[PDB]
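For reference, the structure is listed below as structure tokens.
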Amino acid sequence: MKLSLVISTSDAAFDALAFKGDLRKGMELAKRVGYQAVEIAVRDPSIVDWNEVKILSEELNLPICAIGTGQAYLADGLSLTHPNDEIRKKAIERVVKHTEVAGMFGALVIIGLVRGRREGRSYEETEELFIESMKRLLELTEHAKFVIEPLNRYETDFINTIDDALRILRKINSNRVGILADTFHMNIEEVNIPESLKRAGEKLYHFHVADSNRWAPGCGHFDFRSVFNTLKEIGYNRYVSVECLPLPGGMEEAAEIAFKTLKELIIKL
Amino acid sequence: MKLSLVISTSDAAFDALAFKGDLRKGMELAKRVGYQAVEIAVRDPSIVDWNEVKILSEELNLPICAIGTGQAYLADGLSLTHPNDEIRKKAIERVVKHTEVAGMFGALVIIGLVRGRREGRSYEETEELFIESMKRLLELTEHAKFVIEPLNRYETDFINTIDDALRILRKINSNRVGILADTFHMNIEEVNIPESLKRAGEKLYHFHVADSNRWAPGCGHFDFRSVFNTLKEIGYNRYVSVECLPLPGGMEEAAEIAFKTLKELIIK
Ligand SMILES: [Cu+2]
Ligand SMILES: [Cu+2]
């Protein structure tokens, strides 16, 4: 297992200096604390100079292991299940741009809120539309790998559990799509988290950690010990990525606390 | 990767019944032999009931992966680099209609001979005119995807190689335009075909196969083995479309032979 830090960045639209500044500060932080990679999230990759980002990654010996896409939905309203097929097309086109960037870094592409919500429709129709969009994305890309992240009931009504995601994976039937499980979201939606992760097994491609209050791991009451024992049991050997609020004490303190908590869980395992 | 068959169809403006007949027979042939999709070519799409075509495609479970446009040039003289701006505009408008049809099917639009030739002008003038027309097409259409096909020296003096196409793609700067490579044409124009395909990489959007004599693959001396080795190595998961002379022994026999040859190289 390896440790990664999610870095928050300003949208480059907007303030290209702030994006660059945020990225460098975040990557320098991750390196100093001991993280082996970083994870980023961008709304629209078309407005970022990724050649410069690659140079920074090389300078710091810090790979980018995953790219989040959620702001495409939250800011731009793009959804892979949008009832308007024009917007569904634009969503697919946006995510293809994320895969172009992911290809530069060997990064996973995260399918979170960009999948969209039921919007008054049946779960069945929403799921069908989603599977169609993912199959289009797989037809459109030769190398991209995607991870579906179940999210809690307040963020979406579509794919709330690991089981929800596993059902979809079986219908997509491609090893280029897997699961991203998140402990903050699982703390709400999963009955028995170790059992949920065993059911995922080989399909668990990426992992997000934050405590029960979404603070740095160690600062709530989530049982990480049981989770890491299970990760060892299923042979999980990819990234454990810290995606938490900058609490307690700000972005730097949170990243350091998180690292110390996770390192102790991992090394004694 | 997936196998498709190019099927030839009469011009519907001249005989709409023959177009439908040719299309049905071609699509039934493809399904029977085991092709996963078909590719067609029409001079003018605005003359055909595409709604009926969609039903036929649906009823046969047989997608249309690409629409050819070359007859717009050969028959109607429409060119995306025509020196006459009025004709060039009509060429752009024709291809926009091709993209409407392609949109129904999620298909690619092929930019082959419709791009036109140098016609006494510099390569550079011809190229900038082409780039202008392609950018206009990208403005006029929202989701359409185009594939530029390099063609041999006897068919055109504009874009003869994959490397020339790559250079022009960089100047257009849109992932809605990529490359269609054809083995018959590459057999003449490419120095080293596997190296050319690797340089194309993810920008290789579509692929045409015919043997060295343009007969069914397996009936000439072209090295398909090395081509398919390379396509596997670069992770090609798009279409390989048979576009060959109806030889040997007719359209059906050619389609059968090509499929047998290619299926073998794909599975292994
Ligand atoms: Cu998360
Ligand atoms: Cu061809």
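Order of listing sets the numbers, starting from 1, for every ligand and every atom in it. These values consider heavy atoms only, across backbone and side chains, with no hydrogens, waters or symmetry-generated copies. Within every chain, numbering begins at 1; the chains are lettered A, B, ... in the order of the sequence lines, protein sequences first and strands thereafter.
- A:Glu190 and A:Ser196 share a side-chain donor-acceptor pair at under 3.5 Å.
- With a 6.0 Å radius and a threshold of 12 heavy atoms from other residues, nucleotides or ligands, B:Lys260 has its NZ atom at or below the threshold.
- Residue B:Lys203 qualifies as open at atom NZ: its count of foreign heavy atoms under 6.0 Å is 12 or below.
- Close placement of the A:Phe158 and A:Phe130 rings is indicated, their centers lying within 6.0 Å of each other.
- If you look at the Cu ion (ligand 2), the protein N, O or S atoms less than 2.8 Å from it are B:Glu149 OE2, B:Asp182 OD2, B:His208 ND1, B:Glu243 OE1.
- Crowding of A:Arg238 atom CZ: a count of heavy atoms from other residues, nucleotides or ligands under 6.0 Å not exceeding 12.
- Partners of B:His206 according to the ring pair (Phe, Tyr, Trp, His ring centres under 6.0 Å) rule, which considers only residues two or more places apart in sequence or in another chain, are B:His208.
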